[PDB]
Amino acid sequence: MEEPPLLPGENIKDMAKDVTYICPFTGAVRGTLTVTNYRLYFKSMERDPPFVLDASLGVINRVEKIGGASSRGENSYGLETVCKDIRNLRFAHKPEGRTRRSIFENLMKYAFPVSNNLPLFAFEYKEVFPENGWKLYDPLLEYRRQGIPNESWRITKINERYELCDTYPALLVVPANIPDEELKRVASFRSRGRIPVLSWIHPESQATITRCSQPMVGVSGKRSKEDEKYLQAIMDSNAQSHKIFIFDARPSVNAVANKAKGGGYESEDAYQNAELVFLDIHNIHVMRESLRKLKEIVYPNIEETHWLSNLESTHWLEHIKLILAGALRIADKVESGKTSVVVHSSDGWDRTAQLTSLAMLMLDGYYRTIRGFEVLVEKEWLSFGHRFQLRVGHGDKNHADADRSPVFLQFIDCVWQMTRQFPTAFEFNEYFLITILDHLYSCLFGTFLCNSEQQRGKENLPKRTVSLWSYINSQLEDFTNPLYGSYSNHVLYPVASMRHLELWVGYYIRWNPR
């Protein structure tokens, strides 16, 4: 029997007999196509181990009608689902079978519930696990683990009602001597009120990683005494009071383009004890275009003759390299330079989240534990306002949205690169990372829904959805790396080179039955 298995809360919405799945690798196979509220299940008993294709609906970007009435070929009348996970799926229907319309309509409806005024499956997934992923991350405790608040850094509550910055977490760590009303001001100079706050502190040197958005300098060199005092306050916090380093993730010309617009960067006149460096990491649009090119040379057949040159033309591994190289520069400046660094971009959610979290992964072994990693994600990504729902387009039929970009995917890709370079340094395994990427799109859990901490609170995700961590941690074994424990040498320093970075076959090329 060709019925899909059903998760608690999941159910069949449509079924189709005698549909043909056209496997680019194994030719065609006739079986039964089923659509649930969660998934797209195809299964044929026309083979042996029965043929099964199980794909969560969340990965579907587009559903196209293939062929028409004037389609007289064989397997020319059908559907094609364009996926988010580096594949496209296509099925053939018989016109007289009268199933294509029903399937097409149910796919459109259940793969894009938000566009059809329906819930995302996460709200109807009523499975129950022993551990509760929602209680895993505790801002206050994480800060405490870092030896936060101390004399130099305090915790303010000025953003508890999300009034200071609605895309920031409720609790913020700032210089022990900067008053709430002053912060209220730096917030006026920083884009979207995303002021420089603490992300990490060296246990020893008390060199810091702070994060923020760009300074609203504009065409005319606008300055903020308070912002300048703020960055100064950050420097006065290092017991070996060098200076400051400001890493602008952006290429130079982008930073300037932004300045025309109203944004900009910290000049050497305005911020003196500050050294600014541009990391040349392009925007969300460039990264979307890069992944698009990659999917083409990867998905169905790879053209072996020109793989290397084709891969180069995508500029994928290059973006990955600049992101890791950037994280490296930050880590080194903190660790070896004993210097505090301020990280930003334009808005400070995207590239900034990539940099802080990777540098933090290089510097703090805690973040390399399975559970530590989950916290890093909850912290740097979720709590700090990476716009997941927007960047992925959860249950939204508008596949051409310019807001869609694989920012988090790049991050995970960079994390994977480090596991390759340091196979004993991480407690989690590849499966763990790939699983994370699958549920990033699945919308089975509420972990990657909404766009800010505030929103997830108002939506009451902890109570209405299951945390991905609940599933993962009540399972640890599937996601544990056996070689772990030995990275006594505590600062990871991967090599960001085109010769040391590989294309993540495990993820981008996993559909081939080899």
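Note that the rigid core is defined as the largest set of C-alphas that superpose within 1.5 Å between two forms. Residue positions are given as counts along the sequence shown, with the first one as 1.
Take 487-495 and 500-508, fit the other structures onto the shown form by the rigid core, and average the C-alpha distances in 4 other deposited structures of this protein: the farther stretch is 487-495. The segment moving more, judged by mean Cα distance from this form in 4 other deposited structures of this protein after a core overlay, is 240-248 among 240-248 and 147-155. Between 500-508 and 14-22, the higher mean Cα B-factor belongs to 14-22. Mean CA B-factor, 202-210 versus 338-346: the higher value falls on 202-210. Comparing the C-alpha B-factors of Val63, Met45, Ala55, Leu449 in the entry, the top value falls on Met45. For the set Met235, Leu279, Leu324, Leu317, the PDB entry assigns the largest Cα B-factor to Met235.
Ranked by C-alpha B-factor against the other modelled residues of its chain, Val466 falls in the middle third. Ranked by Cα temperature factor within the chain, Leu140 sits in the highest third according to the deposited record.
Compared with the other modelled residues of the chain, the Cα B-factor recorded for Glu226 ranks in the highest third. When the CA B factors of the chain's modelled residues are split into thirds, the value for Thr424 lands in the middle one.
In the PDB entry, a CA B factor belonging to the middle third of its chain's modelled residues is recorded for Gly365.
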